[PDB]
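[1] with the input below, show me the fold.
(chains A, B, C, D and E)
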Amino acid sequence: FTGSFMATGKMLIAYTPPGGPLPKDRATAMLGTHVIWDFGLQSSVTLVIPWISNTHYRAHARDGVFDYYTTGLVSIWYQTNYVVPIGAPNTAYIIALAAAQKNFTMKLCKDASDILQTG
Amino acid sequence: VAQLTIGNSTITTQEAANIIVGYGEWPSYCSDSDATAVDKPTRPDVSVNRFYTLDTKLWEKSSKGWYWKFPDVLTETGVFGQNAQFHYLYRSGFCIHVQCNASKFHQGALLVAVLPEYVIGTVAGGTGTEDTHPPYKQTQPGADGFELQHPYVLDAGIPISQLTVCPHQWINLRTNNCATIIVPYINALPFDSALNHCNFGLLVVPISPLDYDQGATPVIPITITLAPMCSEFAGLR
Amino acid sequence: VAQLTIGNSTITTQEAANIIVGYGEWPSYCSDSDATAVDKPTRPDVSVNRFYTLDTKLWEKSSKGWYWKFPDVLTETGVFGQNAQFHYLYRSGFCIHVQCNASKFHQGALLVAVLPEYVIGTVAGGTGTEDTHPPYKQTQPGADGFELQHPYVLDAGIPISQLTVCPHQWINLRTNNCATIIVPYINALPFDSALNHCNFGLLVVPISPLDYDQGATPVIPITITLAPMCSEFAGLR
Amino acid sequence: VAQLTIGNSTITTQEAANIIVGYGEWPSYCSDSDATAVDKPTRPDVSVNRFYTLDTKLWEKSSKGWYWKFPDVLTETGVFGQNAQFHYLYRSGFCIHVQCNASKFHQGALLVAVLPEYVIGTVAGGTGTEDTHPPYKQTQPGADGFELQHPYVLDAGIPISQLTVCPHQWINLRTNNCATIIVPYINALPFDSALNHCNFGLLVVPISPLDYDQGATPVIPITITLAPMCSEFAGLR
Amino acid sequence: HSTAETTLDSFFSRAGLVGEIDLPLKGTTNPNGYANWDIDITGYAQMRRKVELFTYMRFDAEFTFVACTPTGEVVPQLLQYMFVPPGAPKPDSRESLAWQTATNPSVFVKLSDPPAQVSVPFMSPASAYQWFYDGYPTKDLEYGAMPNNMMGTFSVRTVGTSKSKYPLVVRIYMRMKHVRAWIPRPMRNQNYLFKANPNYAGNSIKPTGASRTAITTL
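    Numbering: from 1, shown residues only, chains lettered A, B, ... in the order given. And now the structure:
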């Protein structure tokens, strides 16, 4: 959270495993694996995605692509509203930072790119 | 500050403010030599017992106060509302947590207490001659709760000025924002109905009105998060 | 809070926030069995190694970002710029300190990272057919630094979104204001030219824009103070 | 003779006929060092694992044979069908029990075997030129099961005369009436989908036709009772 | 230095008047020379509010019967007091066979004989009488109805096949003994409207106590 120091509130961050459709509302997402984030207390929070596996093969058009399907989903809802005292901006931004755990792995070197050395 | 977790639920809360263990007792289970020692009552631990975070209510200058009923509030909600409904008997303790998020430029004081057998009494027509019984939307508001209309007498002909006689805790904006309360199972019987009887009701009223200068957020979100303790059920249907 | 001193330089700084020792290595010296063991390279300790406090840059809502080159920034400045110029070779480590001064009513986030061999790439005409090479004012801005014109690609065709892969540290106004970084000598050679090659470049960009309500100071001073570590020179001229 | 119980389910069965532990392995669980060691897979013990007694099928002289798919059969049924559906992954072993009730004046022989990855193949138009794919009612019949139409080739182009190569057991009316089979989790992966993939299919076919003199009950009830062993689930939805 | 008087038992002792039966000769009131009184401890006005201080309670009651003619006169007439436990059928007439059902304790006494007096136990099938019930029994008119709080009925009548020769008046006093209470609660500050629910007058909502002019004047 990069907002003013004076701001406070709560955000609900929920993860819907692969298959589970984006939760209808906050409350239904509230029943799933979620985290209430009070940026009034902690300016940072880290969520862990238990698992993602690009292993299920797909031969659509005529071009075979080893695709996901494991599109796990991460939703974020305003648990409470944004609260601020006079003098502080009524908007703030947030930054997402990602990385993989130490249990990450990759297989099958496949050079592919849109950017190449021009003539 | 630190965050505690119970399964798939993770709430960000302050270290450990003063908790109020109602009547000095801890929500415990019920031994084998009881009324139903045959139908061994299954006690949920897995998902059933975790952090539910109810639809935040917005504090306003004009707010009169709010109240929820138990176990009603949850019999609708998730896998706990699952057990409460398709089961014959129920006994359960509760950890209730209430928090506001306000700038050091807001002022207010919410009394937050729990009241066993909270029996609502309507106005009775006005002049006192109509024997009108409170509706079902007023007797068991669910997880949205319900607003008092006569806070001073707690919509039931009792001074609120004396509500402190119940497990209560204060939330004065200029000192704290989170209040916590542990509630044991309280009833004239070991077990009872989860859909017909509301052992108690959570009360939260503005004793000192919300206030602020023009420009500061006009509504203070109050977030109720609660978790079932040593909850038991018997006789599946 | 406390103040540290290195000679005639005395800076008032916070106790000891988290420092970032780039690549896990500490700016050390270079042993006797090297390339030039004859021309014993003299290592400055006295005045040469102390606290330089560069002309503070003013953060604005529209600010795109800034960057300085090393050792260029100092080859102009004082008795260190003295050695860098009238000497043939140079190797030196760096302690960089960046701080802002803002009320708890400002908001922003500056990523501050160091990037070895930071090679600037201009626009190339616009349509992509002009082989225009970045000027000298853009390649070695001095102690005033220079402003990015395409932060997103760091004026060089690389996502900034991935700059974190370099020794970096964040400065989120609502949590900290000072960021510190220790940089070791990094180059494909033991020693090198202090005026021709810029081993690296200090980068500081607003990832979350500066913001505030009308009435609060509109510009947040960013003060860069830096000090040379285990700096060495060889071959006087 | 004696009766065994698993929760609220109590079946009256014979002492302990010969059981067939398919492939010599016992339906066990899956250790911590697997693919998903993070999302600790919850293993049902309570109600989820007990005796389900499917809608008894009636044996007739003309009966061709029956087959059910797994875990399909249960994904519809009760609290197990509860988990299978609102969960991402599944692995489970099975105890299957099949019994007939017939007078010593009926005759017949049912081969009862389990076949991994039982892939149905329809007729293909008749003449062999239509690429018709078996419906969904034929691929996953549920708890009612489905009748073979070409038993000899097991509706899939394979001799039944060779089905004995699979975990099988015989039920010759003039000797036994109940057959039991233990099935371990069999698949090319630790876990998998409970609604998309049917690890196996239970097969029960009359090899020697049912027969009796006029006057004896004309249909022999076949009762399939089955229970999940070391069943696990992961990723709730 | 002693605080014996502030105990529960001390607070609730005393036999108060909770009932009064009228058995006139000529009258609209109890024309069959008999009457049925379902035990109501609210009979003593002051009572309701005192007990409604607690959520749950438990106790035994000592009943004392005072009978005379309207002028408080004593006469040679015999009387039957019958206690019909809850679940037992009350007499519909002056000749109902209930009067003779052994399972309905009855006590006889002459008006001349001093007051009749008996103790009645904690009936309730529940662990305690509970003044408040937030639910219904398996918008409704069954709200706040904890029936398992019934103590029983008291049936009174002149002995004999024929009406009594005198107009009679029975008074029932009740001392509560061996009291235990749980979960205390706000003292009723509004007027009671019904014997069943806590409903109040939503127009006539009065401040708990005496008001004054300014908060700076006494």
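[2] does stretch A:8-17 reach chain D?
    Yes - applying CB under 8 Å from any CB of the partner chain, one finds stretch A:8-17 touching chain D at A:16, A:17. (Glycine included, C-beta is placed from N, CA and C.)
[3] what about that stretch, near chain C?
    No - judged by CB under 8 Å from any CB, stretch A:8-17 makes no contact with chain C; its nearest approach is 10.6 Å.
[4] spatially central residue in chain B, please.
    In chain B, the residue lying closest to the centroid (CA atoms, centre = their mean) is residue B:202, at 3.3 Å.
[5] that residue: which element?
    Secondary structure assignment for residue B:202, by DSSP states H and E: strand B:200-211.
[6] can you list the buried residues in that strand?
    Under the neighbour-count criterion of 16 or more other CB atoms under 10 Å in any protein chain shown, strand B:200-211 has B:200, B:201, B:202, B:203, B:204, B:205, B:206, B:207, B:210 buried.
[7] that strand: partners in the sheet, and parallel or antiparallel?
    According to DSSP bridges, strand B:200-211 has the following sheet partners: strand B:66-70 (antiparallel), strand B:107-116 (antiparallel).
[8] ranges for the helices of chain B?
    For chain B, the helices defined by DSSP state H cover B:78-85, B:136-139.
[9] need these in a markdown table (columns: mean neighbour count and distance to residue B:157).
    As requested, those are exported to a markdown table (neighbours: other CB atoms under 10 Å in any protein chain shown; distance: least, CB to CB, whole Å):
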| stretch | mean neighbour count | distance to residue B:157 |
| --- | --- | --- |
| helix B:78-85 | 19 | 30 |
| helix B:136-139 | 16 | 15 |
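[10] between the ones you listed, which gets nearest to chain E?
    Smallest distance to chain E across those (CB to the nearest CB): 5.7 Å, for helix B:136-139.
[11] now for the residue found closest to residue B:205 once you drop the neighbours it is linked to in the chain: which residues touch it?
    Closest residue to residue B:205 apart from its sequence neighbours, by CB to CB, 6 or more residues apart in numbering or on different chains: residue B:65 at 3.3 Å. Residues near residue B:65 by CB atoms under 8 Å, 6 or more residues apart in numbering or on different chains: B:147, B:148, B:151, B:203, B:204, B:205, B:206.
[12] repeat the analysis, applying 10 Å as the threshold.
    With contact set as CB atoms under 10 Å, 6 or more residues apart in numbering or on different chains, residue B:65 has these partners: B:110-111, B:145-152, B:154-155, B:160, B:203-207.
[13] which stretches in chain A count as helices?
    Counting by DSSP H, the segments of chain A that form helices are A:26-30.
[14] give me the distance from the strand holding residue B:202 to the chain's centre.
    Strand B:200-211 sits 12 Å away from the centroid of its parent chain (CA atoms, centre = their mean, to the nearest Å).
[15] residues in contact with residue 90?
    Let's take chain A. Residue A:90 is in contact with A:3, A:4, A:7, A:82, A:83, A:84, B:215, B:217, C:211, C:213, counting by CB under 10 Å, 6+ apart.
[16] oops, wrong one, chain E.
    Listed by CB under 10 Å, 6+ apart, the contact set of residue E:90 reads E:36, E:37, E:38, E:82, E:84, E:96, E:98, E:104, E:152, E:153, E:154, E:155.
[17] can you check residue B:19 too?
    Here residue B:19 is in contact with B:95, B:97, B:169, B:179, B:180, B:181, B:182 (criterion: CB under 10 Å, 6+ apart).
[18] does the residue nearest to the centre of chain B touch residue B:113 like I think?
    Yes - with contact defined as CB atoms under 10 Å, residue B:202 reaches residue B:113; the gap is 8.2 Å.
[19] from residue E:173, how far off is the closest residue to residue B:201 other than its chain neighbours?
    Closest residue in space to residue B:201, ignoring its immediate chain neighbours: residue B:118 at 3.3 Å, by CB to CB, 6+ apart. In this view, residue B:118 and residue E:173 are 34 Å apart by CB to CB, to the nearest Å.
[20] pick out whichever of these two has more residues nearby.
    A direct count of neighbours by other CB atoms under 10 Å in any protein chain shown for residue B:118 and residue E:173 places residue B:118 higher, at 24 against 20.
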